[PDB]
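Note that these values count all heavy atoms, side chains included, but never hydrogens, waters or copies made by symmetry. Whatever order the structure lists ligands and atoms in, that order sets their numbers, starting from 1. Count residues from 1 along the sequence.
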Amino acid sequence: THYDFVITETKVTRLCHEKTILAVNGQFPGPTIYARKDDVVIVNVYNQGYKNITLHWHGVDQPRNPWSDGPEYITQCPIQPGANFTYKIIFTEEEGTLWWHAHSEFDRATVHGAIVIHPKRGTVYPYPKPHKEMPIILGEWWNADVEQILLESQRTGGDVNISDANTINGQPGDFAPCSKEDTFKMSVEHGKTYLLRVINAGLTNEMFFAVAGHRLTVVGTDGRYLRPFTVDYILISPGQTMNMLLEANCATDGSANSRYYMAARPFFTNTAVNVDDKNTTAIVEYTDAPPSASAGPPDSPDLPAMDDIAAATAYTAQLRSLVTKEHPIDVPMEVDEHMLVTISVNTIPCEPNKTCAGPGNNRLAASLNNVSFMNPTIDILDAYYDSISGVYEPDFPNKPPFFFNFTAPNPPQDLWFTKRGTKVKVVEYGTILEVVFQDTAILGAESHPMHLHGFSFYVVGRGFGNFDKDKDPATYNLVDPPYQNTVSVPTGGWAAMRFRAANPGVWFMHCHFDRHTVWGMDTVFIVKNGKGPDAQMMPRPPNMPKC
Ligand SMILES: *[C@@H]1O[C@H](CO)[C@@H](O[C@@H]2O[C@H](CO)[C@@H](O)[C@H](O)[C@H]2NC(C)=O)[C@H](O)[C@H]1NC(C)=O
Ligand SMILES: *[C@@H]1O[C@H](CO)[C@@H](O[C@@H]2O[C@H](CO)[C@@H](O)[C@H](O)[C@H]2NC(C)=O)[C@H](O)[C@H]1NC(C)=O
Ligand SMILES: *[C@@H]1O[C@H](CO)[C@@H](O)[C@H](O)[C@H]1NC(C)=O
Ligand SMILES: *[C@@H]1O[C@H](CO)[C@@H](O)[C@H](O)[C@H]1NC(C)=O
Ligand SMILES: *[C@@H]1O[C@H](CO)[C@@H](O)[C@H](O)[C@H]1NC(C)=O
Ligand SMILES: *[C@@H]1O[C@H](CO)[C@@H](O)[C@H](O)[C@H]1NC(C)=O
Ligand SMILES: *[C@@H]1O[C@H](CO)[C@@H](O)[C@H](O)[C@H]1NC(C)=O
Ligand SMILES: COc1cc(/C=C/C=O)ccc1O
Ligand SMILES: [Cu+2]
Ligand SMILES: [Cu+2]
Ligand SMILES: [Cu+2]
Ligand SMILES: [Cu+2]
């Protein structure tokens, strides 16, 4: 239950391009954290790299413990080069796959890895114990330094350059230049079942994923078991994890291929904007088959077309919490407070004496309820703890300031603009929230993967168009809605979720597309202390990074 994570400058080559990246212990992707349900894990982080950095344990509630949650300028100031910080990871309700990643700038492009939370001693999986288990991390690779990719978009005010490859476990796969030799490969044995722990650690796109010749029985997401269902492909959004069983059924006698492509490719609908549409591949290989069975190329799956919204919707519609006596559910039935949160890509005016590259030559931005989040320079959590004025404003609104036909295509240019602020939403301990995310069509309808730190939540409804507060709740799933930490809000649509705010602390909420995070598609929940020691935020650890 103790790890040393040294942030290192590491030379890595992909697509024949060598560069120095930040990595953990020289590994890209980084090491997997292994735990069992309800463990406490300690990670000493030593920043031996060239820049400010933080680490985040994605999907871990961290009860009463925002100090170890990670998001830069939200719960901590950064770990400076040459400094160190000890994170305490408090696992509670989570069982399944999570992941960890840098939570500063674009550093998580290479600084990330898996978290595996096994059943605790004396308990078992709700499904037959898999023969083997394999993290399958979907990611992106840029030939350029990711810091320079970010910095250039900051200077120009235009869009972030697309990645050069999509990757599986850091490897672009068979169809990329200078990649075929090191494609990720896993061995399978006829008749055995494998748990694929799929993590979308890319920065930019939701991804379709499939394995040639093999159906996938999905059994969990975001550290919570799901009602099992079997499919030919999955959809998975940045931030999300999906666990699924693969049954190695194919014949190893020479009558069938012995190699099968695992493959992923983006789900993306904005035909006017560039996208890294390259597929990424890995190889599932039956090892006990005759060498003639691997004579040709591996079999290829049928992936949905990149713009197949129906295929995305059809996967997401199947997600439901597993509800049993060993795995109960607690859907909040009486809501204390409703929020409608419009999600928009935006512009702000270009700075004086400068030309910008965003739409209308303005500067790109993004917003929740038309507030474009701006990081403070004193982190929110310290400001809240010390009662420091002038850092944040505690009036993030429960509804957008101006109602309009949110999802009507091509809104007029005047609705593009937003305004920066550092606003948070303060709630009393135990408040039951229904949060409805409403995509707008400003600058293009788009599915946003909205993520809430400190909590998972029940996704009780979703639809296309404008949420109707007097009609859509009538068909909410109040019985077994999926319990997630990151929700794909529909393209040009809405998603409703509920949770009890019973974790005292300071909790980031944001789109998990990093470009939207930095553009300001974020806010913060401050959950005040309740009554009793169990409802009190932990005290500040002695050696927090200084601001
Ligand atoms: C989001 O906020 C922006 C900025 O406050 C709003 O744009 C302003 O709208 C007012 C009223 O029409 C104008 O007088 C200002 O000139 C605008 N500021 C600009 C363009 O920078 C925008 O209308 C809001 N959008 C919503 C609520 O959808
Ligand atoms: C790395 O992080 C530190 C801590 O947040 C930054 O240092 C602070 O910068 C602010 C200005 O934004 C100053 O008011 C503080 O006095 C600084 N504190 C220090 C130097 O201990 C630093 O700017 C960050 N580095 C980069 C390159 O962004
Ligand atoms: C970690 O940082 C502290 C200061 O916060 C320092 O005192 C300590 O020696 C460091 N640990 C090392 C270098 O192993
Ligand atoms: C981003 O892409 C453009 C090509 O469209 C290129 O001119 C530019 O150099 C790229 N930026 C970086 C930082 O590599
Ligand atoms: C991936 O893309 C390459 C290049 O377009 C294509 O030749 C290959 O068939 C694709 N692989 C899969 C599994 O879709
Ligand atoms: C900067 O912008 C102002 C306002 O548009 C303009 O009057 C001024 O000439 C500019 N400065 C230059 C071009 O050096
Ligand atoms: C809102 O926009 C949609 C899509 O353009 C349109 O079909 C609908 O009629 C609009 N609703 C109103 C009230 O104008
Ligand atoms: C990815 O974000 C966007 C970029 C642009 C392009 C701006 C430069 O012209 C347009 C719409 C978007 O949603
Ligand atoms: Cu995350
Ligand atoms: Cu998170
Ligand atoms: Cu986050
Ligand atoms: Cu987004």
_Considering only residues two or more places apart or on different chains, which pairs with a residue in residues 262-274 satisfy side-chain hydrogen bond (donor to acceptor under 3.5 Å, both in side chains)?_
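Qualifying pairs: none.
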
_For residues 404-416, which residue pairs pass the side-chain hydrogen bond (donor to acceptor under 3.5 Å, both in side chains) check, not counting sequence neighbours?_
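Sorted result for residues 404-416: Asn405-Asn466, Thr407-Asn466.
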
_At under 4.0 Å between heavy atoms, is it the side chain or the backbone of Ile348 that contacts ligand 1, or both, or neither?_
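No part of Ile348 is near ligand 1 at this cut-off.
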
Test item: side-chain donor near acceptor, [X] and [Y], under 3.5 Å:
X	Y	answer
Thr342	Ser344	no
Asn346	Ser367	yes
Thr183	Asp174	yes

*Determine whether the aromatic ring centres of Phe5 and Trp100 lie less than 6.0 Å apart.*
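Yes, they do, as the ring centres are separated by less than 6.0 Å.
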
*Kindly state whether the ring of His512 and the ring of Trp99 have centres lying under 6.0 angstrom apart.*
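Yes, close enough.
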
*Mark the output for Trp416 as yes if a heavy-atom distance to ligand 1 is under 4.0 Å, and as no if none is.*
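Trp416 does not count as a contact of ligand 1 under the 4.0 Å cut-off.
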
*Has ligand 1 got any nitrogen or oxygen that is less than 3.5 angstrom from a nitrogen or oxygen of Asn370?*
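Yes; at least one N/O pair falls below 3.5 Å.
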
*Measure from NZ or CZ of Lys19 to the centre of the six-membered ring of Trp141, then state whether that distance is under 6.0 Å and the direction lies within 45° of the axis.*
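Geometry flag: set, cation within 6.0 Å and 45°.
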
Once you restrict both partners to nitrogen or oxygen, which atoms of ligand 4 have a protein partner under 3.5 Å, and how far apart are they?
unit_1   : atom_1 : unit_2 : atom_2 : d
ligand 4 : 2 (O)  : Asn161 : OD1    : 3.3
ligand 4 : 2 (O)  : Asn161 : ND2    : 2.3
ligand 4 : 11 (N) : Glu152 : OE2    : 2.8
ligand 4 : 11 (N) : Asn161 : ND2    : 3.0

_Whether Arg14 and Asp164 form a salt bridge (side-chain N of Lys/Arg under 4.0 Å from carboxylate O of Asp/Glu) is what I want to check._
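So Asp164 does not pair with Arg14 through a salt bridge.
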
*Neighbouring residues of ligand 2, heavy-atom cut-off under 4.0 Å*: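 Correct list: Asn52, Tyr73, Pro78, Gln80, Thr377, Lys546, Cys547.
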
